[PDB]
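So this first bit is one chain, no partners, the form deposited in one PDB entry, shown in structure tokens.
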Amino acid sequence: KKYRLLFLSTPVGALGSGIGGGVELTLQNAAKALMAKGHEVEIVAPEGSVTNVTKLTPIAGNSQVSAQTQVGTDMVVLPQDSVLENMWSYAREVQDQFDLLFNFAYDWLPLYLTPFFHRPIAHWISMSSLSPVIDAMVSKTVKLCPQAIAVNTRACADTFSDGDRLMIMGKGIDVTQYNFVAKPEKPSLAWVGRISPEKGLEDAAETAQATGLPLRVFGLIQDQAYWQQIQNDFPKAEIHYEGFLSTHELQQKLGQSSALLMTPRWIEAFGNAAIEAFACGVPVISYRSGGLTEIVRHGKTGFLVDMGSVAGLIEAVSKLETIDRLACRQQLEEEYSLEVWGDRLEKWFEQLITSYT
């Protein structure tokens, strides 16, 4: 069973720019995983996208707003000549040249188009339920196409009204791109995500000030004032902005961290930064939020802290020495490998393709 797959990307930004968030990496690694199994993968993505994984056809159009800026919304908004439209018009054109289409966009349109196609479409939902519109579409589409929508974790599937019908497909990273670090040069803390008020970067800064550890912040700045508000609310904290890096430059510096702090105020579906941290030997200290409670093994690969408890973060940092950095790396080698992930996806696609009609 060797298949031809069409991977349809997020319309939020171009692959390799970070503006698309963690999906940019799960899309390319699913590509690597499935090709490792001998499948052809074509990536459809907005103009400016870059990748060395496989064939990428770029599509012109207007970029889409991030669903994280429209939380709880009851309306669907598409810009004129949207890349999302254009990618799915392209998909409609070439659909007969592929065995299955794999959608990564967290958007009303691909879900709506699903039954208008005459090819199996699988959906990767990358985030918890952020709106009644996306929640309602997930319900309608899985009822029409059972087993066609997947999520990272069960905690993610729980955020959806009909999560019980979602497939839990785990995650995978390309472990070859991450170097294990046993002893960082200088003890320090890391924070990896988009700099926005609902990421909780305020709690991490405060933990850094309290423990005297330097904070290195990895991510893209969306609110240039919110980045000054943090530095002006915690002026004794040594905070370094590393910008948005490539996976290679990111793992290089991440591995020099004593631990990664994750401070979600919402329900994090899955922590891509958490898995990458583990790959570098960096233990993970996170609030009990969504998939993270399933990632972090409390007292073995990090610590789970009650939501929004800055005091609890500070206490876990002071326990860091009790975590064997190698346990983190080994947990990531056993689960979250492309091999196992690529296998799950393969037997998933293989069932959809076989039963389509």
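Sequential numbering from 1, following the sequence displayed.
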Of 208-216 and 75-83, the stretch with the higher mean C-alpha B-factor in the deposited entry is 208-216
Mean B factor on CA atoms, stretches 192-200 and 268-276, record says higher is 192-200
Among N152, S286, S258, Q228, the highest C-alpha B-factor in the PDB entry belongs to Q228
Listed options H118, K253, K143, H248: highest C-alpha B factor recorded at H248
Assert third(CA B-factor, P187) within chain per record equals middle
Tertile call for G243 (CA temperature factor, within chain, third-based) is the highest
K32: CA B-factor among chain residues, third -> middle
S66: CA temperature factor from the record, placed by chain third, in the middle
Of the three thirds of the chain ranked by Cα temperature factor, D162 occupies the lowest
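There is another form of this protein, the form deposited in another entry, and it is not shown here; the text below is about that form.
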message = Splitting the movement between this form and the one not shown into two rigid parts, and assigning each C-alpha by whichever superposition fits it better, I want to check if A148 and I195 land together.
response = no
